[PDB]
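Here's the structure we're looking at; comments come further down.
Protein chains in written order, with the UniProt record's numbering: chain A, 219 to 327; chain B, 119 to 229; chain C, 1281 to 2011.
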């Protein structure tokens, strides 16, 4: 409402956050559809940024980079995290939402 | 038709239990008594209508039962024989009702 | 006690029955049973007794079951066989065509009171026992099996002319003391209520293999007569289904271990088999299938990976030699056994899931697309083995009901065009494979090949021949089911309805010969094969129908004349049934053995004739719909139709660019080739090869069926309208 140019940017972001992929259970939860739709969501964010309804602003571009997973931006945002376990949970939330103990150690390292 | 579904489940029970015909016959009597108690002896015509419509519903259900099974099996021969007897029961009810209602209205029209 | 037992069973199981009257034998058996129940229901020791006495009771009820069966072969009283009977009012068993009169006497002889009270004795002895005695209770379950064995009944025959018995193998009567005692014992079961079935459920879930089999058989026979479903209600309430279905995750992992070279012992396979049989018992109930669907069983199966691995060979590598045990079947066969129960439960749920069959078929098609690779391999595999024929038959059973574009129109809606196109491309793969199935196995040379494949062993060769023949019959019936569903679905359309075949009898003539039997000839299934297949299959089916009709009639004559046959023919029949016979055995036993052979063969031929009539009438439907499409709607290239040349062939055209290549081109599936010269040549060829003899054969054959599904005549409509369309050309 305040920024006319950023209003479209905010609407696109709000639409993306409204269409966050969630669990898929038809009697048993399906991780496959889960990662597929998350990847498609990442693709949609990239296409929004390329179309410019999700770009052209430093904050929005940084947010899209973080959503796709951007280590240097997170490490610059080390203030808002302040903790490496928060770093770990952000990394997993933004690149590997379905983690196994076999890779938890790699990601923690 | 739900009646088809109750036919399926009662036939699932009825294959492990008695023939459908005897159960169908026995199911009618409570309706007989309900109609007789709820209705007077001057509304005999509506009472006959009650018998007919309900026992037509039982014909409906019983042919629904017998139609799906193999009729070339002698298991259903006795049930079907009882069934043709049921249709003869229709025709007997219809015949008596028609003759005696005709007699009543003829006594009325004897002017 | 060990010695006294061993003594009595040596008295029983090994000694000939003939030396002493069986009346006295069974009398003494029940007397011993009542006295031992007295002593041990009153107890004579502590836990140390239940194992030994439980094995005792095991073998005692075994011997009593088979001994009562020995009486079941002999009449007692003054009449148990012959013209007149006057003792059948004493039991729920009554007269029937040969076989049941001797059985009814065996129970009219015995005091049902004693039977019922002694089984009460058993059950009360059971119920007072506590837990932790799994092998004791195993003896107990087996003892119950041995008793109810006597009360068990076999499957009914399959008759067409109705000339042999179909009674007293079931409970369909207020009578059938079998059924009434079953109802009483059902009441006693429910009197035991939650605790007893708690015990049996825990014993079936975590017990030992043998005891698991005993419990499963007990449950199956109890459920086969239960009409009150307390068991279903309680097991649903308790969530045992939840732990059981979650145990299939462990089944997946163990079977994934078993597929590796040198698999461990078959006990895990037996365990999975027993679990699957239990789930089949569950799916038998409509409500049970409802809860199975509600639980997302197919979703769990799809998430499992075991069916994704299939033992398949290559022309290269170490393939051609197995490192698995030679006493166990091929790993490919083991995987077939692995995948089979999932397909069986799928076909059961699709059949019985009519209300939610939308979701059932959606999950089923998810299963198929997940396992399409193995499914495609089986579809494209030409084997000729019984196992492969069963594979294809059950695959078609799934596809004919599941792989419908209507299911994609009703579910999966709103998905992306990429998902839509992938799903429909797989669907089209399934239609093309189904079409190629008729080209592969609609030929007649398969008959000679399979008739010759079963001459290695003649004891089971007859059964093998019947099995492959029936398997082909269901495959034909079933691809026709798929086609009929598709045609009924596409019926309301008038611009998107295409016919799968093109009109020609050149291929009709060609198929009557060999298919260059090194690779089975297939008409191009991406290029729309011809109605010559339909007409050739129909003519072959008519010929074989007269064949099996006449042999069935003769077999029925033999079955009714079995009383009049001399010793030698019946001896031959008994030898053909089991490798023991001759005239040293009883004439009645010989008659029964011959009649049982005749019953099974009559059942086979009856099923054959019925389904063959099915394919015949559905061929009529195919001919009708093709004639309707071609003679009324297809554009002709020799002239301008009044309003039909503006009507394109069924379905719209691809916008994707492809080159016409002689392999896997669905773009060719969209065009029919129709011309007036084609119409004239087709009409003349039909008039000549579709003889009035064939028409009269169809009409007289179609004068006894359609009674089972009881819908008004469509058969004469199809025959007459096909006849008219044959005489009616393009408008």
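In this text, a Cβ means the ideal position worked out from N, Cα and C, and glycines have one as well.
Would you give the residue range spanned by the alpha helix (DSSP H) that residue 1997(C) belongs to? 1995-2006
Contact residues within the segment 120-138 of chain B, judged by C-beta distance below 9 Å to chain C: 126, 127, 130, 131, 132, 133, 134, 135, 136 and 137
Write down every uninterrupted run of the alpha helix (DSSP H) in the segment 1627-1713 of chain C whose length is 4 residues or greater and which is fully enclosed by it, in chain order. 1637-1650, 1652-1660, 1666-1682 and 1685-1690
Does the segment 1897-1915 of chain C come within contact of the segment 1759-1770 of chain C, defined as at least 3 CB pairs closer than 8 Å? yes
Do residue 1394(C) and residue 1492(C) have their beta-carbon atoms positioned less than 8 Å apart in this structure? no
Since residue 1797(C) sits in a beta bridge, which residues does DSSP pair it with? 1799(C)
Would residue 146(B) and residue 191(B) qualify as a contact pair, given that the criterion is a beta-carbon distance under 8 Å? no
Within 10 angstroms of its Cβ, does residue 182(B) collect 16 or more other Cβ (buried), or is it exposed? buried
Which residues mark the beginning and the end of the alpha helix (DSSP H) in which residue 140(B) is found? 138-156
Residues of the segment 1553-1577 of chain C with Cβ closer than 9 Å to any Cβ of chain A, in chain order: 1573, 1574, 1575, 1576 and 1577
So which residues of chain C does residue 246(A) contact, with C-beta pairs closer than 8 Å? 1576, 1579, 1580 and 1583
Report, in whole angstroms, the separation of the C-beta atoms of residue 1446(C) and residue 1437(C), which I expect to be a contact under 8 Å. 6 Å
Taking 7 Å as the limit between beta carbons, can you name the residues of its chain near residue 1441(C), skipping five residues before and five after? 1836
With three or more C-beta pairs closer than 8 Å as the rule, is the segment 1359-1376 of chain C touching the segment 1325-1343 of chain C? no
Below 8 Å, how does it come out for the segment 1447-1458 of chain C and the segment 1483-1498 of chain C: are there three or more Cβ pairs, yes or no? no
Taking the C-alpha atoms as reference points, what is the distance between residue 1641(C) and residue 1647(C)? 9 Å
Cβ closer than 9 Å: which chain A residues qualify as neighbours of residue 1643(C)? 244 and 245
Cβ shell of residue 1289(C) (< 7 Å), same chain only, five flanking positions each side left out: 1339 and 1343
Simplified DSSP state of residue 247(A), which is helix, strand or coil: strand
Have a look at residue 1685(C) and residue 128(B) and give me their C-alpha separation to the nearest angstrom. 35 Å
Can you name the start and end residues of the alpha helix (DSSP H) that residue 1370(C) belongs to? First-last for residue 1370(C): undefined, no H or E at that position.
Quick one: does residue 1987(C) have its CB under 8 Å from some CB of chain B? yes
Could you please give me the residues that DSSP links to residue 1810(C) through a beta bridge? 1782(C)
My output table needs one value for residue 1409(C): the three-state DSSP class, helix, strand or coil. coil
Can you check whether the CB of residue 1552(C) is closer than 8 Å to the CB of residue 1651(C)? no
Could you give the DSSP three-state label for residue 1859(C): helix, strand or coil? coil
Tell me the DSSP secondary structure of residue 259(A) in three-state form. helix
Can you tell me the Cβ-Cβ gap for residue 1330(C) and residue 1413(C), rounded? I've got them flagged as a contact below 8 Å. 6 Å
Spatial neighbours of residue 244(B) within its chain, please: CB distance less than 7 Å, with the 5 preceding and 5 following residues excluded, ordered by chain position. Because chain B spans 119 through 229 in this model, residue 244(B) falls outside it and cannot be assessed.
Determine, using beta carbons only, whether residue 1719(C) and residue 1809(C) come nearer to each other than 8 Å. yes
In terms of residue numbering, what span does the alpha helix (DSSP H) encompassing residue 1452(C) cover? Neither: residue 1452(C) is in no alpha helix (DSSP H) and is coded neither H nor E.
Tell me the DSSP secondary structure of residue 1530(C) in three-state form. helix
As assigned by DSSP and simplified to three states, the class of residue 2017(C): With chain C represented from 1281 up to 2011, any question about residue 2017(C) goes unanswered, as that position is not in the structure.
Quick one: is residue 2012(C) near chain B, going by C-beta distance under 8 Å? Residue 2012(C) falls outside the range modelled here, since chain C spans only 1281 to 2011, and no answer is possible.
Taking residue 2023(C) as the reference, which of 1619(C), 1766(C) and 1727(C) has the closest Cα? The question about residue 2023(C) has no answer, for chain C in this structure spans 1281 to 2011.
Going by CA-CA distance only, name the one from 1845(C), 1350(C) and 1386(C) that's closest to residue 1356(C). 1386(C)
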